[PDB]
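Protein chains in written order, with PDB author numbering: chain C, 322 to 382; chain A, 138 to 193, 204 to 415, 427 to 559, 586 to 708; chain B, 506 to 559, 586 to 647. The structure appears right after this line, and notes come after that.
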Amino acid sequence: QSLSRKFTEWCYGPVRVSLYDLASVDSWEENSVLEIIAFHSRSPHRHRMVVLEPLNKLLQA
Amino acid sequence: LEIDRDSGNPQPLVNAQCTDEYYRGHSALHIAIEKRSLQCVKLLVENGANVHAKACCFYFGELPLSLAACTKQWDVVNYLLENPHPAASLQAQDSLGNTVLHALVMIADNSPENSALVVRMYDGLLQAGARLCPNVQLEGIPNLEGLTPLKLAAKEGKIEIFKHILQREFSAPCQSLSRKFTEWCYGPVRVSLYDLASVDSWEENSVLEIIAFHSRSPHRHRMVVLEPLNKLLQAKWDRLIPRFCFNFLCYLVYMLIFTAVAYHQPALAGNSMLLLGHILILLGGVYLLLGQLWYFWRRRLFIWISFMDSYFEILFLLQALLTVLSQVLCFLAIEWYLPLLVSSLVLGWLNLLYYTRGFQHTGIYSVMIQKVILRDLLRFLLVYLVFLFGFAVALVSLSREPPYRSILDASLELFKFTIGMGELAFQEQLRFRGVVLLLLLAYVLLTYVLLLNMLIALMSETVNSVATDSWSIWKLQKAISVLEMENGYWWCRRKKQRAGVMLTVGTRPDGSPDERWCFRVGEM
Amino acid sequence: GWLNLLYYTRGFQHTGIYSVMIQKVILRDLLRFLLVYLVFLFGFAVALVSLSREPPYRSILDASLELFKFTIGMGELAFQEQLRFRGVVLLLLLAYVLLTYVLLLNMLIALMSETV
């Protein structure tokens, strides 16, 4: 099931210093998850979704 | 392991140092602990692996013992205690100087789950070393900046464990030699004695003296709310008032004088008392400016993020300097003096309301308000200003061919719409009248929606309310004052204030330690 | 006497409740407020009078009025180079305006929170 990879890994930490797989989220290649949610997405409330961690880390960066 | 052992190598593979910036010099031993493997760790030790190291991370663990603590495993710490045979002396400190305890406190978080376990292990390690050392000072070892682990708690803005470390219960077997900072006697319900040691408020820099100034803080407003503090505080206050209200009164008098000196000042009793007036002003002025000056000195020019609490200090200073400057240019007979003077006046009074700090309890809300409200109002005022400026140049430009002309003037005619003395009159005079009036109408609408926005905004801010957090905000607001009036005037009205504050002598000769010196609480 | 009358609301209507609870907290807070307002306005009064001390904007009471009318919004704020320190005078009363504003705001929210 780690071939599916679950979009996660971990190493070199007492508490979970983790690696994330930015694949369809890669923000350049074609239209990213970000690029979707940003514009194309219709939404009752999109304001929530960018609050997700693997995003806002990237974003702030 | 037996293989590397058999190699008889100069440095076994445990002497390996992990690379910098992530875990610097971190042992495979440290890695083992990180992996939470008891057995193989016990073996590494049995392999002759060593304690003293540098691991860097964000869990500093320079004493692997401390690493274990961070991982929250007793078995392993007791294993250090036993294994191989020796222990890791807690008395040992790291490059930061931070002892294991200090470390615990460092990592001590808000999260009351994690916080709780940390407490458990903290007291546990306390009694451990106290049962094993058994006699030496486990606490009181200066950190990098010299700090008791408690002091360290303060500066680091630690909270829950501060509560714990403050109010403790140890007692048996010898754990009452640690004393847990508590006792009890002569009550149906717990009439208790407290040990004010590093909290003593005079000796060196007390826990109070730390939290007051030196402490950086997300929120310090909480910490003074702790019982063994605020009892002391309130006491000190009761103790301290008459001097306070006196000082107040003096100030007030001074203002009266200042005022009269201004008002009865002509376009230039009698000339005698006139010169008296000016001189008296000069005396007050020099006094204050001195006072507040060495106040800053005493702060070593400490970077004031305390602005929120400290603005009054500044206002005094600024006032003072303006006053004396005024009289300077009085004697020198400079053109502009009375403007500076009266500025110092108006400001002076406005400064007064400082002494509300003590008298009334709605002062609390006045301040909490003062904080958030001033922040939000600044943010607001900038934008207001800017676009009004835009409209200013607009109107002036269209007017540029009676006179509605002067930019400043135009901006006034436009400002008076926000205090509602404004105009809005239409006249075909201008010949683009249509657009001009249309424009300022846009202005009106716009500044309105703006004020509305602000009003609601800050309204929401206090809608979400921590309530008695404000109460506490007031409490410490008062505390700073008390700690300041703690010592005299190095404006040298009275330069030396005594260290005359102190605590009751302790009644406790438990075991080999024969005494303490402490404080009294009650009931509950 | 008339102002006394509304006592007999005590009985008739049930929103009298909120009128009173209000009456309690609101009066307390408003007093606390009114003192401070008063005091610093007084400060500004002597300021303006002093700078005016060389038509007549002179009488202290009068000056304080011309300054009070800014809180019910009939106030002035007019600039004139007449005074010759005009710059600072107007600058000053402007400070006044700003200040009394932030004050009322403070109060408004304060008691608002109280009933929140």
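For every residue, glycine included, the Cβ atom is placed at its ideal position computed from N, Cα and C.
At what residues does the beta strand (DSSP E) containing residue i begin and finish?
| i | result |
| --- | --- |
| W701(A) | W701 to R704 |
Considering only DSSP beta bridges, list what residue i is partnered with.
| i | result |
| --- | --- |
| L340(A) | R704(A) |
| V689(A) | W701(A) |
| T329(A) | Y341(A) |
Could you tell me which of the options sits nearest to residue i, measuring between CA atoms?
| i | options | result |
| --- | --- | --- |
| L636(B) | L543(A), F599(A) and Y523(A) | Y523(A) |
| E612(A) | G604(A), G606(A) and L621(A) | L621(A) |
| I640(A) | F538(A), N290(A), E668(A) and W462(A) | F538(A) |
| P586(A) | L614(A), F549(A), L535(A) and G606(A) | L614(A) |
| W675(A) | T691(A), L451(A) and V223(A) | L451(A) |
| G287(A) | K298(A), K305(A) and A277(A) | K298(A) |
| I591(A) | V551(A), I603(A) and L556(A) | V551(A) |
| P289(A) | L479(A), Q240(A) and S339(A) | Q240(A) |
| residue 656(B) | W507(A), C155(A), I308(A) and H249(A) | Past the edges of chain B, shown from 506 to 647, lies residue 656(B), and the structure says nothing about it. |
| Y627(A) | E350(A), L543(A) and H232(A) | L543(A) |
| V685(A) | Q518(A), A344(A) and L532(A) | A344(A) |
| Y341(A) | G334(A), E330(A) and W349(A) | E330(A) |
| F328(C) | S339(C), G334(C) and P335(C) | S339(C) |
| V400(A) | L380(A), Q381(A), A414(A) and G435(A) | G435(A) |
| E374(A) | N257(A), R315(A) and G442(A) | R315(A) |
| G706(A) | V530(A), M526(A), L660(A) and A382(A) | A382(A) |
| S242(A) | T295(A), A190(A), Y453(A) and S362(A) | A190(A) |
| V372(C) | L355(C), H361(C) and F360(C) | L355(C) |
| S464(A) | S164(A), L376(A) and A359(A) | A359(A) |
| residue 420(A) | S468(A), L441(A), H368(A) and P259(A) | No atoms are given for residue 420(A), which sits in the stretch of chain A between 415 and 427 that the model skips. |
| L596(A) | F610(B), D593(B), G604(B) and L511(B) | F610(B) |
| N671(A) | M638(A), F391(A), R533(A) and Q220(A) | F391(A) |
| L532(A) | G521(B), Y513(B), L630(B) and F549(B) | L630(B) |
Can you name the start and end residues of the alpha helix (DSSP H) that residue i belongs to?
| i | result |
| --- | --- |
| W452(A) | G428 to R456 |
| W674(A) | That residue, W674(A), is in no alpha helix (DSSP H); it is neither H nor E in DSSP. |
| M638(A) | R617 to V647 |
| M605(A) | It is not in any alpha helix (DSSP H) - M605(A) carries neither H nor E in the DSSP assignment. |
| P375(A) | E374 to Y410 |
| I531(B) | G521 to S557 |
| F489(A) | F465 to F489 |
| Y269(A) | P259 to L279 |
| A594(A) | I591 to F599 |
| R173(A) | That residue, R173(A), is in no alpha helix (DSSP H); it is neither H nor E in DSSP. |
| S348(C) | No alpha helix (DSSP H) contains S348(C), which DSSP labels as neither H nor E. |
| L248(A) | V247 to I254 |
| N146(A) | Where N146(A) is concerned, there is no enclosing alpha helix (DSSP H), given that its DSSP letter is neither H nor E. |
| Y226(A) | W221 to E229 |
Please say whether residue j and residue i have beta carbons closer to each other than 7 Å?
| i | j | result |
| --- | --- | --- |
| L166(A) | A192(A) | no |
| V633(B) | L535(A) | yes |
| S323(A) | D694(A) | yes |
| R589(B) | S555(B) | no |
| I439(A) | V408(A) | yes |
| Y269(A) | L251(A) | yes |
| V224(A) | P211(A) | no |
| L447(A) | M669(A) | no |
| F616(B) | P413(A) | no |
| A663(A) | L264(A) | no |
| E645(A) | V504(A) | no |
| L175(A) | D143(A) | no |
| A216(A) | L227(A) | no |
| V151(A) | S213(A) | no |
| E183(A) | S262(A) | no |
| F309(A) | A319(A) | no |
| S654(A) | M526(A) | yes |
Query - Residues from the region 589-611 of chain A in contact with chain B, defined by Cβ distance under 8 Å - result: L592, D593, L596, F599, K600, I603, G604 and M605
Report task. Name, going along the chain, the residues of the region 332-350 of chain C whose beta-carbon falls closer than 8 Å to a beta-carbon of chain A. Result -> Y333, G334, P335 and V336
Requested in this report: Please name the residues in the region 476-494 of chain A whose beta-carbon is closer than 9 Å to at least one beta-carbon of chain B, in chain order.
Outcome: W494
Report task. Mind checking the region 627-641 of chain B against chain A and listing, in chain order, the residues whose C-beta falls within less than 7 Å of any C-beta there? Result -> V628, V633, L636, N637, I640 and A641
Requested in this report: Select from the region 540-556 of chain A all residues with a C-beta closer than 9 Å to any C-beta belonging to chain B, and list them in chain order.
Outcome: none
Report task. Return the residues of the region 614-625 of chain B that lie within a Cβ-Cβ distance of less than 9 Å from chain A, sorted by chain order. Result -> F616, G618, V619, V620, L621, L623 and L625
Query raised in the report: When Cβ atoms are compared, which residues of the region 506-521 of chain A fall closer than 9 Å to chain B?
Result: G506, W507, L508, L510, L511, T514, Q518, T520 and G521
Report task. Name, going along the chain, the residues of the region 216-245 of chain A whose beta-carbon falls closer than 7 Å to a beta-carbon of chain C. Result -> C217 and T218
Requested in this report: Determine which residues of the region 647-667 of chain A have a Cβ less than 7 Å from any Cβ of chain B, and write them out in chain order.
Outcome: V647 and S649
Report task. Pull out every residue of the region 146-174 of chain A whose Cβ sits closer than 7 Å to any Cβ of chain C, in chain order. Result -> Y159, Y160 and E171
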